[PDB]
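A single chain comes next, written as structure tokens; it is the form deposited without ligand SAH.
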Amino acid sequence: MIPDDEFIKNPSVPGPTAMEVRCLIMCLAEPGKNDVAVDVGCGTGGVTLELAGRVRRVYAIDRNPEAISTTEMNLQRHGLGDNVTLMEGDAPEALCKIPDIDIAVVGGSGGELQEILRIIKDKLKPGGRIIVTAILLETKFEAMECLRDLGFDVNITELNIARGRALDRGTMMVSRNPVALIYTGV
């Protein structure tokens, strides 16, 4: 997996998602080379990158132009992007212009989460997977609720990662903020 260090950040663009989380999302999404995926709120490009290398097509969406810019840069740094359709603008509008999906990774809460999820449920091919990355306590709840309301079997996994930082004095554990992955049964 591309570690967080090899990502070109941008002060106004959140990310990249911790490799440990990207790790897990990849396993939950269980990409197939014929799967069409959508990464809503692609940020620095973390998930898009990982998906780019394992699925047929990836539609990366984000309101923030700098994010599409950063994701673009990062795809190029890692020579991916041939199969990645970057998309500027409002997630719900963008999502309508997309084909049906097998995998949906929704990071960007962007308020309109419930709307995005409804849209996604409608474009989800049978056996599709939705994975919502929640940073805000509200998103954890809202995602759980929507997914259940859209008739999905919802699961949730909260990841608390700590990496050691070598100091002269020794190895200190440094925490990433908790990240929850709300995902629908396959």
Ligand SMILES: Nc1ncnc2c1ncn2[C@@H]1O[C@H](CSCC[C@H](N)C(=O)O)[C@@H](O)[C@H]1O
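If you superpose the two forms and keep the largest set of C-alpha atoms that fall within 1.5 Å, you have the rigid core. Residue indices: 1-based, along the sequence shown.
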Legend entry - Higher-deviation stretch (C-alpha RMS, rigid core fit) in 4 other deposited structures of this protein, choosing from 164-172 and 12-20: 164-172
Inset, instruction - Compare the mean C-alpha B-factor of 153-161 with that of 55-63 as given in the PDB entry, and name the stretch with the higher value. - result: 55-63
Inset, instruction - Compare the mean C-alpha B-factor of 124-132 with that of 66-74 as given in the PDB entry, and name the stretch with the higher value. - result: 66-74
Legend entry - 25, 19, 167, 173, ranked by C-alpha B-factor: the highest one: 167
Legend entry - Chain-relative CA temperature factor third for residue 118: lowest
Legend entry - Ranked against its chain, the third holding the CA B-factor of residue 147: lowest
Legend entry - Among modelled residues of the same chain, the CA temperature factor third for residue 49: middle
Legend entry - B-factor third for the C-alpha atom of residue 40 within its chain: lowest
Inset, instruction - Sort the modelled residues of this chain by their C-alpha B factor and say whether residue 80 lands in the lowest, middle or highest third. - result: highest
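Quick note: we don't show the form solved in complex with ligand SAH, though the next part is all about it.
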Legend entry - Location of ligand SAH contact in the bound PDB entry, chosen stretch of 28-36, 154-162, 43-51, 122-130 [non-hydrogen atom, 4.5 Å]: 43-51
Inset, instruction - Decide whether residue 24 counts as a contact residue for ligand SAH in the bound PDB entry under a heavy atom distance cut-off of 4.5 Å. - result: no
Inset, instruction - Answer with yes or no whether residue 90 is in contact with ligand SAH in the bound PDB entry, where contact means some heavy atom within 4.5 Å. - result: yes
Inset, instruction - Verify the contact flag for residue 178: yes if a non-hydrogen atom of it lies within 4.5 Å of a non-hydrogen atom of ligand SAH in the bound PDB entry, no if not. - result: no
Inset, instruction - Using a 4.5 Å heavy atom cut-off, state whether residue 112 contacts ligand SAH in the bound PDB entry. - result: yes
